[PDB]
Amino acid sequence: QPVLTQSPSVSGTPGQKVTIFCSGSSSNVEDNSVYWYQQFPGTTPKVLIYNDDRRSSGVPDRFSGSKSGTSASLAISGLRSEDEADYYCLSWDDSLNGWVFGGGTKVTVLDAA
(Lines give C-alpha, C1' and ligand atoms only; values in the text may rest on other atoms or scores of the structure.)
Protein backbone atom coordinates (compact mmCIF):
# COMPACT_ATOMS: atom_id res chain seq x y z
CA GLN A 1 0.00 0.00 0.00
CA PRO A 2 1.07 3.61 -0.54
CA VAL A 3 3.09 5.21 2.24
CA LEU A 4 1.46 8.60 1.65
CA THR A 5 -2.29 8.74 2.29
CA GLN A 6 -4.38 10.94 -0.01
CA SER A 7 -7.91 12.37 0.20
CA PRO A 8 -10.81 10.40 -1.26
CA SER A 9 -12.25 11.37 -4.65
CA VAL A 10 -13.65 14.89 -4.87
CA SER A 11 -15.97 16.67 -7.28
CA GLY A 12 -16.90 20.22 -8.08
CA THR A 13 -18.61 22.33 -10.69
CA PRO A 14 -16.66 24.88 -12.72
CA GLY A 15 -15.54 27.86 -10.64
CA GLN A 16 -15.51 25.97 -7.35
CA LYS A 17 -12.46 25.18 -5.23
CA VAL A 18 -11.26 21.71 -4.26
CA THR A 19 -8.49 20.71 -1.86
CA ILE A 20 -6.60 17.43 -2.12
CA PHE A 21 -4.70 16.20 0.94
CA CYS A 22 -1.51 14.14 1.24
CA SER A 23 -0.59 12.84 4.69
CA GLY A 24 2.85 11.39 5.43
CA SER A 25 5.19 11.06 8.40
CA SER A 26 8.39 12.38 9.93
CA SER A 27 10.35 10.11 7.57
CA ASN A 28 9.03 11.66 4.37
CA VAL A 29 7.02 14.85 3.88
CA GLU A 30 8.02 16.55 7.15
CA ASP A 31 11.56 17.50 6.08
CA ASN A 32 11.55 16.53 2.40
CA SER A 33 10.05 18.38 -0.57
CA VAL A 34 6.62 17.39 -1.77
CA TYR A 35 5.79 17.27 -5.48
CA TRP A 36 2.35 17.05 -7.10
CA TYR A 37 1.67 15.30 -10.40
CA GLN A 38 -1.33 15.57 -12.69
CA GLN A 39 -2.27 12.53 -14.75
CA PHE A 40 -4.89 12.14 -17.47
CA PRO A 41 -6.04 8.67 -18.49
CA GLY A 42 -3.58 6.98 -20.85
CA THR A 43 -1.03 9.78 -20.40
CA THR A 44 2.26 10.09 -18.45
CA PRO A 45 1.97 12.01 -15.16
CA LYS A 46 3.33 15.55 -15.29
CA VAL A 47 4.75 17.68 -12.46
CA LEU A 48 2.47 20.57 -11.42
CA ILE A 49 4.05 21.55 -8.11
CA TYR A 50 7.61 21.01 -6.87
CA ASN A 51 9.44 21.91 -3.65
CA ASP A 52 6.15 22.00 -1.70
CA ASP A 53 4.68 25.12 -3.31
CA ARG A 54 6.48 26.05 -6.53
CA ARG A 55 4.43 26.00 -9.73
CA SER A 56 5.94 24.41 -12.82
CA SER A 57 6.15 26.61 -15.88
CA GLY A 58 2.70 27.08 -17.42
CA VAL A 59 0.78 25.99 -14.32
CA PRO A 60 -2.04 28.45 -13.46
CA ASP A 61 -1.86 30.30 -10.14
CA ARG A 62 -5.19 28.75 -9.18
CA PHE A 63 -3.16 25.63 -8.39
CA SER A 64 -1.63 26.12 -4.94
CA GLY A 65 0.58 23.70 -3.02
CA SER A 66 1.22 23.88 0.68
CA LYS A 67 2.73 21.86 3.50
CA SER A 68 2.43 21.83 7.28
CA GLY A 69 4.03 19.26 9.57
CA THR A 70 3.51 15.84 8.00
CA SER A 71 0.59 17.05 5.87
CA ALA A 72 0.51 18.53 2.37
CA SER A 73 -2.29 19.83 0.18
CA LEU A 74 -3.03 20.90 -3.37
CA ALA A 75 -5.83 23.44 -3.73
CA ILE A 76 -7.41 23.98 -7.13
CA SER A 77 -9.37 27.21 -7.23
CA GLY A 78 -11.55 28.28 -10.14
CA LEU A 79 -12.08 24.69 -11.24
CA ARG A 80 -12.16 24.13 -15.01
CA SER A 81 -13.31 21.06 -16.96
CA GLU A 82 -9.73 20.42 -18.12
CA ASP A 83 -8.72 19.97 -14.46
CA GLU A 84 -10.46 16.60 -14.31
CA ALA A 85 -7.61 14.18 -13.65
CA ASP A 86 -5.85 12.03 -11.07
CA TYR A 87 -3.50 13.94 -8.77
CA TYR A 88 -0.58 12.32 -6.95
CA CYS A 89 1.75 13.56 -4.26
CA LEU A 90 5.39 12.45 -4.09
CA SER A 91 8.12 12.73 -1.45
CA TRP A 92 11.44 11.12 -0.60
CA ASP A 93 11.25 8.74 2.38
CA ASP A 94 14.46 8.45 4.42
CA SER A 95 13.41 5.30 6.26
CA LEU A 96 12.22 3.33 3.25
CA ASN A 97 15.01 4.77 1.12
CA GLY A 98 12.66 5.49 -1.74
CA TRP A 99 10.54 8.00 -3.60
CA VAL A 100 6.99 7.34 -2.41
CA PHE A 101 3.76 8.35 -4.14
CA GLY A 102 0.29 8.68 -2.68
CA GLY A 103 -2.43 6.46 -4.09
CA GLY A 104 -3.92 9.32 -6.10
CA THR A 105 -7.02 11.50 -5.80
CA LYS A 106 -9.45 11.80 -8.70
CA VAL A 107 -10.94 15.25 -9.24
CA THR A 108 -14.21 15.15 -11.18
CA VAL A 109 -15.67 18.31 -12.68
CA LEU A 110 -19.45 18.04 -12.87
CA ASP A 111 -21.60 19.89 -15.37
CA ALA A 112 -23.50 22.42 -13.24
CA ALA A 113 -27.30 22.01 -13.07
# chains A, B, ... in the order shown; residues from 1 in each chain; ligands from 1
$ residues_around --residues "residue A:28" --least-positions-apart "5" --cutoff "7 Å" --atoms "only C-alpha atoms" --output "count of residues only"
4
$ residues_around --residues "residue A:13" --least-positions-apart "5" --cutoff "10 Å" --atoms "only C-alpha atoms" --output "list in words"
residues 18, 78, 79, 80, 81, 108, 109, 110, 111, 112 and 113 of chain A
$ write_last_selection --atoms "N, CA, C and O atoms" --output "PDB file, in the first residue's frame"
ATOM      1  N   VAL A  18     -11.442  22.996  -4.925  1.00  0.00           N
ATOM      2  CA  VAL A  18     -11.257  21.714  -4.260  1.00  0.00           C
ATOM      3  C   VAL A  18      -9.880  21.672  -3.613  1.00  0.00           C
ATOM      4  O   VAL A  18      -8.939  22.315  -4.086  1.00  0.00           O
ATOM      5  N   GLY A  78     -11.024  27.980  -8.825  1.00  0.00           N
ATOM      6  CA  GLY A  78     -11.549  28.277 -10.145  1.00  0.00           C
ATOM      7  C   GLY A  78     -11.534  27.061 -11.050  1.00  0.00           C
ATOM      8  O   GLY A  78     -11.039  27.107 -12.171  1.00  0.00           O
ATOM      9  N   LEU A  79     -12.100  25.969 -10.550  1.00  0.00           N
ATOM     10  CA  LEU A  79     -12.080  24.687 -11.245  1.00  0.00           C
ATOM     11  C   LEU A  79     -12.537  24.800 -12.700  1.00  0.00           C
ATOM     12  O   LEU A  79     -13.546  25.447 -13.002  1.00  0.00           O
ATOM     13  N   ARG A  80     -11.793  24.167 -13.600  1.00  0.00           N
ATOM     14  CA  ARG A  80     -12.165  24.131 -15.008  1.00  0.00           C
ATOM     15  C   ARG A  80     -12.295  22.674 -15.460  1.00  0.00           C
ATOM     16  O   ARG A  80     -11.710  21.777 -14.848  1.00  0.00           O
ATOM     17  N   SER A  81     -13.059  22.434 -16.520  1.00  0.00           N
ATOM     18  CA  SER A  81     -13.306  21.060 -16.959  1.00  0.00           C
ATOM     19  C   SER A  81     -12.000  20.319 -17.254  1.00  0.00           C
ATOM     20  O   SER A  81     -11.889  19.117 -16.992  1.00  0.00           O
ATOM     21  N   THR A 108     -13.177  15.196 -10.150  1.00  0.00           N
ATOM     22  CA  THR A 108     -14.209  15.148 -11.178  1.00  0.00           C
ATOM     23  C   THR A 108     -14.866  16.513 -11.265  1.00  0.00           C
ATOM     24  O   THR A 108     -15.239  17.092 -10.250  1.00  0.00           O
ATOM     25  N   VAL A 109     -14.992  17.037 -12.478  1.00  0.00           N
ATOM     26  CA  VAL A 109     -15.666  18.311 -12.677  1.00  0.00           C
ATOM     27  C   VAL A 109     -17.046  18.050 -13.283  1.00  0.00           C
ATOM     28  O   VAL A 109     -17.165  17.596 -14.416  1.00  0.00           O
ATOM     29  N   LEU A 110     -18.081  18.310 -12.491  1.00  0.00           N
ATOM     30  CA  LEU A 110     -19.454  18.042 -12.868  1.00  0.00           C
ATOM     31  C   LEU A 110     -19.991  19.190 -13.698  1.00  0.00           C
ATOM     32  O   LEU A 110     -19.624  20.345 -13.483  1.00  0.00           O
ATOM     33  N   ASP A 111     -20.862  18.871 -14.646  1.00  0.00           N
ATOM     34  CA  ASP A 111     -21.599  19.894 -15.365  1.00  0.00           C
ATOM     35  C   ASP A 111     -22.655  20.465 -14.428  1.00  0.00           C
ATOM     36  O   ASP A 111     -23.511  19.733 -13.929  1.00  0.00           O
ATOM     37  N   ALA A 112     -22.586  21.770 -14.180  1.00  0.00           N
ATOM     38  CA  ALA A 112     -23.502  22.416 -13.242  1.00  0.00           C
ATOM     39  C   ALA A 112     -24.957  22.364 -13.711  1.00  0.00           C
ATOM     40  O   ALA A 112     -25.254  22.640 -14.875  1.00  0.00           O
ATOM     41  N   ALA A 113     -25.855  22.009 -12.795  1.00  0.00           N
ATOM     42  CA  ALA A 113     -27.296  22.011 -13.066  1.00  0.00           C
ATOM     43  C   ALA A 113     -28.070  21.456 -11.873  1.00  0.00           C
ATOM     44  O   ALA A 113     -27.536  21.375 -10.771  1.00  0.00           O
TER      45      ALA A 113
END
$ residues_around --residues "residue A:24" --least-positions-apart "6" --cutoff "7 Å" --atoms "only C-alpha atoms" --output "PyMOL selection string"
chain A and resi 3-5+70-71
$ residues_around --residues "residue A:89" --least-positions-apart "4" --cutoff "7 Å" --atoms "only C-alpha atoms" --output "PyMOL selection string"
chain A and resi 22+34-37+101-102
$ write_last_selection --atoms "N, CA and C atoms" --output "PDB file, in the first residue's frame"
ATOM      1  N   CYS A  22      -2.559  15.160   1.301  1.00  0.00           N
ATOM      2  CA  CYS A  22      -1.512  14.144   1.236  1.00  0.00           C
ATOM      3  C   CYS A  22      -0.842  14.060   2.598  1.00  0.00           C
ATOM      4  N   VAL A  34       7.755  18.087  -1.201  1.00  0.00           N
ATOM      5  CA  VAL A  34       6.617  17.392  -1.770  1.00  0.00           C
ATOM      6  C   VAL A  34       6.411  17.884  -3.199  1.00  0.00           C
ATOM      7  N   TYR A  35       6.084  16.954  -4.090  1.00  0.00           N
ATOM      8  CA  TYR A  35       5.789  17.271  -5.483  1.00  0.00           C
ATOM      9  C   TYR A  35       4.374  16.797  -5.767  1.00  0.00           C
ATOM     10  N   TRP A  36       3.685  17.470  -6.686  1.00  0.00           N
ATOM     11  CA  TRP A  36       2.351  17.052  -7.104  1.00  0.00           C
ATOM     12  C   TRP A  36       2.350  16.819  -8.596  1.00  0.00           C
ATOM     13  N   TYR A  37       1.762  15.697  -8.999  1.00  0.00           N
ATOM     14  CA  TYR A  37       1.670  15.300 -10.397  1.00  0.00           C
ATOM     15  C   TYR A  37       0.219  15.269 -10.828  1.00  0.00           C
ATOM     16  N   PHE A 101       4.935   7.639  -3.658  1.00  0.00           N
ATOM     17  CA  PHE A 101       3.755   8.346  -4.139  1.00  0.00           C
ATOM     18  C   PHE A 101       2.539   8.034  -3.283  1.00  0.00           C
ATOM     19  N   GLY A 102       1.619   8.989  -3.188  1.00  0.00           N
ATOM     20  CA  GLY A 102       0.291   8.685  -2.677  1.00  0.00           C
ATOM     21  C   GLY A 102      -0.482   7.814  -3.657  1.00  0.00           C
TER      22      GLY A 102
END
$ closest_residue --among "A:41, A:58, A:65, A:98" --to "residue A:20" --atoms "only C-alpha atoms"
A:65
$ atom_distance --atom1 "atom CA of residue A:64" --atom2 "atom CA of residue A:21"
11.9 Å
$ atom_distance --atom1 "atom CA of residue A:63" --atom2 "atom CA of residue A:75"
5.8 Å
$ residues_around --residues "stretch 53-56 of chain A" --least-positions-apart "3" --cutoff "10 Å" --atoms "only C-alpha atoms" --output "VMD selection string"
chain A and resid 33 to 36 46 to 50 59 to 61 63 to 67 72 to 74
$ write_last_selection --atoms "N, CA and C atoms" --output "PDB file, in the first residue's frame"
ATOM      1  N   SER A  33      10.945  17.718   0.376  1.00  0.00           N
ATOM      2  CA  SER A  33      10.049  18.382  -0.568  1.00  0.00           C
ATOM      3  C   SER A  33       8.926  17.488  -1.039  1.00  0.00           C
ATOM      4  N   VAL A  34       7.755  18.087  -1.201  1.00  0.00           N
ATOM      5  CA  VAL A  34       6.617  17.392  -1.770  1.00  0.00           C
ATOM      6  C   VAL A  34       6.411  17.884  -3.199  1.00  0.00           C
ATOM      7  N   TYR A  35       6.084  16.954  -4.090  1.00  0.00           N
ATOM      8  CA  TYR A  35       5.789  17.271  -5.483  1.00  0.00           C
ATOM      9  C   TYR A  35       4.374  16.797  -5.767  1.00  0.00           C
ATOM     10  N   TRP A  36       3.685  17.470  -6.686  1.00  0.00           N
ATOM     11  CA  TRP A  36       2.351  17.052  -7.104  1.00  0.00           C
ATOM     12  C   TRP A  36       2.350  16.819  -8.596  1.00  0.00           C
ATOM     13  N   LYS A  46       2.495  14.370 -15.147  1.00  0.00           N
ATOM     14  CA  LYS A  46       3.335  15.554 -15.289  1.00  0.00           C
ATOM     15  C   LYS A  46       3.401  16.349 -13.987  1.00  0.00           C
ATOM     16  N   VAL A  47       4.560  16.930 -13.699  1.00  0.00           N
ATOM     17  CA  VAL A  47       4.748  17.677 -12.458  1.00  0.00           C
ATOM     18  C   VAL A  47       4.036  19.026 -12.515  1.00  0.00           C
ATOM     19  N   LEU A  48       3.167  19.284 -11.537  1.00  0.00           N
ATOM     20  CA  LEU A  48       2.471  20.568 -11.423  1.00  0.00           C
ATOM     21  C   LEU A  48       3.096  21.455 -10.356  1.00  0.00           C
ATOM     22  N   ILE A  49       3.464  20.841  -9.235  1.00  0.00           N
ATOM     23  CA  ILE A  49       4.050  21.554  -8.106  1.00  0.00           C
ATOM     24  C   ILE A  49       5.335  20.837  -7.699  1.00  0.00           C
ATOM     25  N   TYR A  50       6.381  21.604  -7.395  1.00  0.00           N
ATOM     26  CA  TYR A  50       7.611  21.012  -6.872  1.00  0.00           C
ATOM     27  C   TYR A  50       8.064  21.799  -5.648  1.00  0.00           C
ATOM     28  N   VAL A  59       1.833  26.356 -15.251  1.00  0.00           N
ATOM     29  CA  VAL A  59       0.775  25.992 -14.316  1.00  0.00           C
ATOM     30  C   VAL A  59       0.108  27.247 -13.782  1.00  0.00           C
ATOM     31  N   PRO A  60      -1.226  27.340 -13.943  1.00  0.00           N
ATOM     32  CA  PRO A  60      -2.044  28.454 -13.463  1.00  0.00           C
ATOM     33  C   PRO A  60      -1.898  28.664 -11.960  1.00  0.00           C
ATOM     34  N   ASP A  61      -1.972  29.921 -11.544  1.00  0.00           N
ATOM     35  CA  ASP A  61      -1.857  30.298 -10.141  1.00  0.00           C
ATOM     36  C   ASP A  61      -3.006  29.751  -9.289  1.00  0.00           C
ATOM     37  N   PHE A  63      -3.721  26.815  -9.040  1.00  0.00           N
ATOM     38  CA  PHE A  63      -3.163  25.629  -8.389  1.00  0.00           C
ATOM     39  C   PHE A  63      -2.202  26.078  -7.301  1.00  0.00           C
ATOM     40  N   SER A  64      -2.460  25.686  -6.059  1.00  0.00           N
ATOM     41  CA  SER A  64      -1.629  26.117  -4.940  1.00  0.00           C
ATOM     42  C   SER A  64      -1.219  24.917  -4.085  1.00  0.00           C
ATOM     43  N   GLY A  65       0.082  24.764  -3.870  1.00  0.00           N
ATOM     44  CA  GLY A  65       0.582  23.702  -3.024  1.00  0.00           C
ATOM     45  C   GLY A  65       0.968  24.256  -1.677  1.00  0.00           C
ATOM     46  N   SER A  66       0.766  23.466  -0.631  1.00  0.00           N
ATOM     47  CA  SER A  66       1.223  23.875   0.685  1.00  0.00           C
ATOM     48  C   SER A  66       1.590  22.672   1.521  1.00  0.00           C
ATOM     49  N   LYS A  67       2.319  22.921   2.598  1.00  0.00           N
ATOM     50  CA  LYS A  67       2.733  21.862   3.496  1.00  0.00           C
ATOM     51  C   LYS A  67       2.841  22.366   4.924  1.00  0.00           C
ATOM     52  N   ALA A  72       0.396  17.653   3.525  1.00  0.00           N
ATOM     53  CA  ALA A  72       0.513  18.528   2.366  1.00  0.00           C
ATOM     54  C   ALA A  72      -0.842  18.630   1.675  1.00  0.00           C
ATOM     55  N   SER A  73      -1.057  19.707   0.932  1.00  0.00           N
ATOM     56  CA  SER A  73      -2.293  19.826   0.181  1.00  0.00           C
ATOM     57  C   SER A  73      -2.079  20.526  -1.145  1.00  0.00           C
ATOM     58  N   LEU A  74      -2.979  20.242  -2.076  1.00  0.00           N
ATOM     59  CA  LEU A  74      -3.033  20.899  -3.367  1.00  0.00           C
ATOM     60  C   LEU A  74      -4.440  21.465  -3.493  1.00  0.00           C
TER      61      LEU A  74
END
$ select_by_dssp --residues "stretch 26-86 of chain A" --states "strand (DSSP E or B)" --output "list in words"
residues 34, 35, 36, 37, 38, 39, 46, 47, 48, 49, 50, 54, 55, 63, 64, 65, 66, 67, 68, 71, 72, 73, 74, 75, 76, 85 and 86 of chain A
